[PDB]
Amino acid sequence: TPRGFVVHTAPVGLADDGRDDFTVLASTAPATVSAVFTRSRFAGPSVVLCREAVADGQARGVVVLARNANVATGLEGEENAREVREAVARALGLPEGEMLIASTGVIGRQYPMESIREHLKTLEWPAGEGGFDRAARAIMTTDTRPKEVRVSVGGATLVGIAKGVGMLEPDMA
């Protein structure tokens, strides 16, 4: 519902079920951003990069990958996270620091880069807006159902989507 939001979703073989598992949520318009994150000693590289992206309180989107958390995947894992984050920004004609990355799923498992590579090469701006439903499904792992919520305030709309029901007691800052 809110203006200038578009949603990209697709299967990338994070699990082998052909389920949408790769989301890009972006804004056709510059967005001020507010965000908090885990403070884990095994913070994944997706997190480090986000903390960096939001440092200027200025960000236009997030690419989220579900069914692989990309954590404790050493230098390579850090390299794929740079790679996925940069290539999403780039496919969308956006500056790097204006795009964040978030990844959920198993620990200690390398991305299916071969597969993500090929999808990226097709990635482009979804026409029309909204689709937060697709995004709420596409991020979901041990969740039995999607989680969406929408509110009107003073002529503007605010939507939210969430996920997680295990490995869950956030302590974010």
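One-based numbering along the sequence shown.
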Take the C-alpha B-factors listed in the entry for 58-66 and for 123-131, compute each mean, and give the stretch with the larger one. 123-131
Per the entry, where is the mean C-alpha temperature factor higher: 107-115 or 137-145? 107-115
Just to confirm, going by the entry's C-alpha B-factors, which of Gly160, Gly13, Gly164, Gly154 comes out highest? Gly154
Using the B-factors in the PDB entry, rank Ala31's C-alpha atom against the chain and give the third, lowest, middle or highest. highest
Would you please rank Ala102 by its C-alpha temperature factor against the other modelled residues of its chain and give the third it falls in: lowest, middle or highest? lowest
Can you tell me which third, lowest, middle or highest, the CA B-factor of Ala72 falls into for its chain? lowest
